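Chemist: Have a look at this one before I ask anything.
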Amino acid sequence: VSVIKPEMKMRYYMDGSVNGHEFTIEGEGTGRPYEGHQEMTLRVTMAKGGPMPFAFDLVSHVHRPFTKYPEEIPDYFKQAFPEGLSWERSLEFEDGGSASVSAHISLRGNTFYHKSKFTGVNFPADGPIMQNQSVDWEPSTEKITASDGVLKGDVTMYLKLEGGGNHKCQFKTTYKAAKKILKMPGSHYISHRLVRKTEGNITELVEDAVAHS
């Protein structure tokens with residue numbers, strides 16, 4: 001028996017809107033859960049057609065089972081399966097823009113089904129997000145704390161901008177296993193390395209994550 005194998009697949013579906021622009025994201029990927037690695041290709045379709053009017057970084061961060069966990073730290077995310085895992089996240093950008101996103105992750109065979117709801121609001125029309133001036137998120141380290149059966153993630157993110165420079169964004173996330181987790185972990189960290197390769201409305205993503213400390 002092996003609920004999560006060294007190699008797994010992913011299918012993504014998102015219903016979203018940013019500054020009133022409605023859109024859907026669909027994609028597929030493959031990854032190595034125990035190695036904290038994942039790769040995927042995502043397609044953005046605007047409700048009114050046309051190019052996506054915002055930088056993909058706004059939604060790129062939208063799959064913890066794909067985190068390399070040392071045997072010293074219980075793996076809450078993989079333990080949540082096959083029952084399922086859900087998470088909720090708030091984003092606070094330095095120029096006033098903000099967003100709320102929640103996702104449900106289910107498992108069937110060797111494939112994870114990732115479905116999300118994303119609503120972004122108040123982004124300045126001339127800011128880097130709506131002007132598509134950001135490039136990638138800087139690598140980061142998220143603080144993970146346990147609380148009454150769920151996990152809390154806290155990380156201050158920095159968006160790399162084209163002309164150089166950074167744009168701050170605070171992430172606050174709640175991770176919820178579908179069923180009661182036997183072994184809860186103590187407080188620790190998860191370092192992330194998320195990079196994108198974007199060609200218009202299509203984007204390829206790669207993320208490497210490792211839990212530690």
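In the structure tokens, each chain is lettered A, B, ... as it comes, each chain's residues begin at 1, and ligands are numbered from 1 in order of appearance.
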With DSSP run on the backbone, what are the strand (DSSP E) residues within stretch 77-137 of chain A? I'd like them as an MDAnalysis selection string.

Modeler: chainID A and resid 85:93 98:108 111:121 134:137

Chemist: Restricting it to N, CA and C atoms, dump the selection as a short mmCIF file (atom, residue, chain, number, x, y, z; two decimals), in the first residue's frame.

Modeler:
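Result went into part-v1.cif, see below:
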data_model
loop_
_atom_site.label_atom_id
_atom_site.label_comp_id
_atom_site.auth_asym_id
_atom_site.auth_seq_id
_atom_site.Cartn_x
_atom_site.Cartn_y
_atom_site.Cartn_z
N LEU A 85 -7.01 17.42 1.48
CA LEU A 85 -6.45 18.59 2.13
C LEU A 85 -7.06 19.86 1.53
N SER A 86 -7.30 20.85 2.38
CA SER A 86 -7.85 22.13 1.93
C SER A 86 -7.03 23.24 2.58
N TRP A 87 -6.99 24.40 1.94
CA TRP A 87 -6.27 25.53 2.51
C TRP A 87 -6.91 26.85 2.11
N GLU A 88 -6.67 27.86 2.94
CA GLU A 88 -7.22 29.20 2.74
C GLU A 88 -6.07 30.18 2.88
N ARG A 89 -6.04 31.20 2.03
CA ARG A 89 -4.95 32.17 2.08
C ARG A 89 -5.36 33.60 1.78
N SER A 90 -4.81 34.53 2.55
CA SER A 90 -5.07 35.94 2.34
C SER A 90 -3.75 36.54 1.85
N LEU A 91 -3.83 37.51 0.95
CA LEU A 91 -2.65 38.19 0.44
C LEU A 91 -2.82 39.68 0.67
N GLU A 92 -1.76 40.33 1.13
CA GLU A 92 -1.77 41.75 1.40
C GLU A 92 -0.55 42.35 0.70
N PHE A 93 -0.78 43.09 -0.39
CA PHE A 93 0.31 43.71 -1.16
C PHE A 93 0.60 45.13 -0.65
N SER A 98 -5.18 43.34 -2.68
CA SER A 98 -5.28 42.19 -1.80
C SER A 98 -6.08 41.10 -2.47
N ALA A 99 -6.00 39.90 -1.92
CA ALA A 99 -6.72 38.78 -2.47
C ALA A 99 -6.98 37.71 -1.42
N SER A 100 -7.99 36.90 -1.70
CA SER A 100 -8.39 35.79 -0.84
C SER A 100 -8.50 34.60 -1.78
N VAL A 101 -7.94 33.47 -1.39
CA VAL A 101 -8.03 32.28 -2.22
C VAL A 101 -8.13 31.05 -1.34
N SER A 102 -8.95 30.09 -1.77
CA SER A 102 -9.11 28.85 -1.03
C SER A 102 -9.06 27.72 -2.04
N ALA A 103 -8.57 26.57 -1.61
CA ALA A 103 -8.46 25.44 -2.51
C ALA A 103 -8.79 24.12 -1.83
N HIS A 104 -9.27 23.17 -2.63
CA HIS A 104 -9.61 21.83 -2.16
C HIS A 104 -8.76 20.87 -2.97
N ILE A 105 -7.99 20.03 -2.30
CA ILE A 105 -7.16 19.07 -2.99
C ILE A 105 -7.62 17.66 -2.66
N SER A 106 -7.99 16.91 -3.69
CA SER A 106 -8.45 15.54 -3.53
C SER A 106 -7.48 14.61 -4.24
N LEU A 107 -7.57 13.31 -3.96
CA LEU A 107 -6.68 12.35 -4.58
C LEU A 107 -7.42 11.17 -5.19
N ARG A 108 -7.03 10.81 -6.41
CA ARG A 108 -7.63 9.68 -7.10
C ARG A 108 -6.53 8.97 -7.89
N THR A 111 -3.23 10.70 -9.20
CA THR A 111 -3.48 12.10 -9.54
C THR A 111 -4.17 12.94 -8.48
N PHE A 112 -3.62 14.13 -8.25
CA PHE A 112 -4.17 15.08 -7.30
C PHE A 112 -5.07 16.04 -8.08
N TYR A 113 -6.27 16.27 -7.58
CA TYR A 113 -7.20 17.19 -8.21
C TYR A 113 -7.22 18.43 -7.32
N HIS A 114 -6.77 19.54 -7.90
CA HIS A 114 -6.65 20.82 -7.21
C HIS A 114 -7.65 21.84 -7.76
N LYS A 115 -8.66 22.19 -6.96
CA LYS A 115 -9.68 23.15 -7.37
C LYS A 115 -9.69 24.37 -6.45
N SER A 116 -9.63 25.56 -7.04
CA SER A 116 -9.58 26.77 -6.23
C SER A 116 -10.53 27.91 -6.63
N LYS A 117 -10.71 28.83 -5.68
CA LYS A 117 -11.55 30.03 -5.84
C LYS A 117 -10.65 31.21 -5.47
N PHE A 118 -10.46 32.15 -6.39
CA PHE A 118 -9.58 33.30 -6.16
C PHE A 118 -10.26 34.64 -6.48
N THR A 119 -10.25 35.55 -5.51
CA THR A 119 -10.82 36.88 -5.73
C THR A 119 -9.79 37.93 -5.32
N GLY A 120 -9.36 38.75 -6.27
CA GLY A 120 -8.39 39.80 -6.00
C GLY A 120 -9.05 41.16 -6.16
N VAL A 121 -8.75 42.08 -5.24
CA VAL A 121 -9.37 43.40 -5.28
C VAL A 121 -8.42 44.57 -4.97
N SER A 134 5.83 42.60 -12.71
CA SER A 134 6.57 41.73 -11.81
C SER A 134 7.15 40.57 -12.61
N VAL A 135 8.22 39.96 -12.10
CA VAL A 135 8.88 38.87 -12.81
C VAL A 135 8.74 37.50 -12.15
N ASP A 136 9.06 37.42 -10.87
CA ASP A 136 9.00 36.17 -10.11
C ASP A 136 8.97 36.49 -8.63
N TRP A 137 8.57 35.52 -7.83
CA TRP A 137 8.58 35.68 -6.38
C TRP A 137 10.01 35.34 -5.96
#

Chemist: Quick one: everything within 9 Å of stretch 29-42 of chain A, counting only C-alpha atoms, minus sequence neighbours fewer than 6 positions away in the same chain. Send it as number ranges by chain.

Modeler: A: 4-12, 63-69, 78, 111, 201-211

Chemist: Please produce a file of those selected residues containing C-alpha atoms, as a compact mmCIF listing (two decimals), in the first residue's frame.

Modeler:
# COMPACT_ATOMS: atom_id res chain seq x y z
CA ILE A 4 1.41 8.87 -2.26
CA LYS A 5 4.09 7.62 -4.64
CA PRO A 6 7.53 9.12 -5.51
CA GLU A 7 5.93 10.29 -8.76
CA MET A 8 2.43 11.78 -8.97
CA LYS A 9 0.30 13.81 -11.39
CA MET A 10 -1.77 16.96 -10.89
CA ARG A 11 -4.83 18.49 -12.52
CA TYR A 12 -5.73 22.11 -11.77
CA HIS A 63 0.31 21.98 -3.18
CA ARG A 64 2.06 21.30 0.12
CA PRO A 65 1.98 17.52 -0.28
CA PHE A 66 4.92 18.31 -2.57
CA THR A 67 7.31 19.25 0.22
CA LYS A 68 10.48 17.42 1.20
CA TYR A 69 10.02 16.49 4.86
CA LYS A 78 0.86 13.85 3.16
CA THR A 111 -3.48 12.10 -9.54
CA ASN A 201 -1.83 33.31 -21.24
CA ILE A 202 0.20 30.13 -20.77
CA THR A 203 2.64 29.64 -17.92
CA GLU A 204 4.95 26.86 -16.81
CA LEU A 205 5.69 26.62 -13.09
CA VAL A 206 8.32 24.82 -11.07
CA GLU A 207 8.51 24.73 -7.29
CA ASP A 208 10.95 23.15 -4.89
CA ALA A 209 10.09 23.11 -1.19
CA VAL A 210 11.87 21.71 1.87
CA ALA A 211 10.69 21.62 5.49

Chemist: Would you pick out the contacts of residue A:48 at 10 Å or less, using only C-alpha atoms, so that residues sharing its chain but fewer than 5 positions from it are not included, and give the list as a list in words?

Modeler: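 Everything that qualifies: residues 21, 22 and 23 of chain A.
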
Chemist: I'd like to know which of A:109, A:124, A:153, A:74 is closest to residue A:183, using only C-alpha atoms.

Modeler: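 The answer is A:74, which sits nearest to residue A:183.
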
Chemist: Return the single residue from A:151, A:20, A:162, A:181 that is closest to residue A:131, with distances computed using only C-alpha atoms.

Modeler: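 Among the listed residues, A:162 lies closest to residue A:131.
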
Chemist: Can you pull out the residues contacting residue A:149? Cut-off 10 Å, using only C-alpha atoms, and skip same-chain residues under 2 positions away; I want them as a list in words.

Modeler: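 Non-adjacent residues within range: residues 76, 146, 147, 151, 175, 176, 177, 179, 180, 181, 182, 183, 184 and 185 of chain A.
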
Chemist: Keeping only C-alpha atoms, take the residues you just selected and write them out as an mmCIF file, in the first residue's frame.

Modeler:
data_model
loop_
_atom_site.group_PDB
_atom_site.id
_atom_site.type_symbol
_atom_site.label_atom_id
_atom_site.label_comp_id
_atom_site.auth_asym_id
_atom_site.auth_seq_id
_atom_site.Cartn_x
_atom_site.Cartn_y
_atom_site.Cartn_z
ATOM 1 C CA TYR A 76 0.855 16.986 8.009
ATOM 2 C CA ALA A 146 0.315 23.944 14.568
ATOM 3 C CA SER A 147 -3.005 24.855 16.162
ATOM 4 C CA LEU A 151 -1.540 24.322 10.484
ATOM 5 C CA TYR A 175 -4.012 24.343 6.122
ATOM 6 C CA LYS A 176 -6.831 21.918 6.929
ATOM 7 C CA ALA A 177 -6.694 18.130 6.657
ATOM 8 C CA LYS A 179 -9.728 14.134 8.655
ATOM 9 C CA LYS A 180 -8.097 14.244 12.088
ATOM 10 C CA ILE A 181 -4.314 13.923 11.758
ATOM 11 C CA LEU A 182 -2.652 11.300 13.957
ATOM 12 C CA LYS A 183 0.750 12.975 14.268
ATOM 13 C CA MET A 184 0.751 16.774 14.452
ATOM 14 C CA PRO A 185 4.101 18.468 13.824
#

Chemist: Which residues, written as a list in words, have at least one atom at most 10 Å from residue A:140, with only C-alpha atoms counted and residues fewer than 6 positions away on the same chain left out?

Modeler: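 So, after excluding close chain neighbours, the residues are residues 155, 156, 157, 158, 190, 191, 192, 193, 194 and 209 of chain A.
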
Chemist: Those residues you just picked out, can you put them in a file as a CSV table (one decimal), in the first residue's frame with C-alpha atoms?

Modeler:
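Saved result, out25.csv, follows:
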chain,number,residue,atom,x,y,z
A,155,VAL,CA,5.5,34.3,5.1
A,156,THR,CA,6.4,37.8,4.0
A,157,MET,CA,6.8,37.5,0.2
A,158,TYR,CA,8.7,39.7,-2.1
A,190,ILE,CA,9.4,25.5,4.8
A,191,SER,CA,11.7,27.1,2.3
A,192,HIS,CA,10.3,27.7,-1.2
A,193,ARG,CA,11.7,28.3,-4.6
A,194,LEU,CA,8.8,29.1,-7.1
A,209,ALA,CA,10.1,23.1,-1.2

Chemist: Using only C-alpha atoms, can you tell me which of A:150, A:58, A:125, A:18 comes closest to residue A:196?

Modeler: A:58

Chemist: May I have all residues of stretch 38-184 of chain A that DSSP, computed from the backbone, assigns to alpha helix (DSSP H), given as a list in words?

Modeler: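 Matching residues for alpha helix (DSSP H) in stretch 38-184 of chain A are residues 57, 58, 59, 60, 76, 77, 78 and 79 of chain A.
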
Chemist: Would you save the residues of that selection, restricted to N, CA and C atoms, as a PDB file, in the first residue's frame?

Modeler:
ATOM      1  N   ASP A  57       2.166  36.128 -11.378  1.00  0.00           N
ATOM      2  CA  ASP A  57       2.660  35.979 -10.008  1.00  0.00           C
ATOM      3  C   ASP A  57       1.517  36.084  -9.006  1.00  0.00           C
ATOM      4  N   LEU A  58       0.482  36.829  -9.375  1.00  0.00           N
ATOM      5  CA  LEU A  58      -0.663  37.019  -8.491  1.00  0.00           C
ATOM      6  C   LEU A  58      -1.335  35.707  -8.118  1.00  0.00           C
ATOM      7  N   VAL A  59      -1.254  34.714  -9.002  1.00  0.00           N
ATOM      8  CA  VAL A  59      -1.893  33.422  -8.751  1.00  0.00           C
ATOM      9  C   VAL A  59      -0.961  32.210  -8.756  1.00  0.00           C
ATOM     10  N   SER A  60       0.304  32.409  -9.120  1.00  0.00           N
ATOM     11  CA  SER A  60       1.256  31.297  -9.191  1.00  0.00           C
ATOM     12  C   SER A  60       1.407  30.488  -7.898  1.00  0.00           C
ATOM     13  N   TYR A  76       2.297  16.761   7.923  1.00  0.00           N
ATOM     14  CA  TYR A  76       0.855  16.986   8.009  1.00  0.00           C
ATOM     15  C   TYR A  76       0.144  16.855   6.665  1.00  0.00           C
ATOM     16  N   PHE A  77       0.756  17.422   5.632  1.00  0.00           N
ATOM     17  CA  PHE A  77       0.180  17.432   4.293  1.00  0.00           C
ATOM     18  C   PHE A  77      -0.008  16.067   3.632  1.00  0.00           C
ATOM     19  N   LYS A  78       0.978  15.183   3.753  1.00  0.00           N
ATOM     20  CA  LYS A  78       0.856  13.850   3.159  1.00  0.00           C
ATOM     21  C   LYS A  78      -0.052  12.967   4.021  1.00  0.00           C
ATOM     22  N   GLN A  79      -0.063  13.219   5.327  1.00  0.00           N
ATOM     23  CA  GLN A  79      -0.897  12.456   6.251  1.00  0.00           C
ATOM     24  C   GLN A  79      -2.382  12.716   6.006  1.00  0.00           C
TER      25      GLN A  79
END

Chemist: Just give me the gap between atom CA of residue A:71 and atom CA of residue A:110 in Å, one decimal is fine.

Modeler: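 Result for atom CA of residue A:71 versus atom CA of residue A:110: 22.9 Å, one decimal.
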
Chemist: Determine the nearest neighbour of residue A:160 from the options A:1, A:80, A:73, A:55, counting only C-alpha atoms.

Modeler: A:55
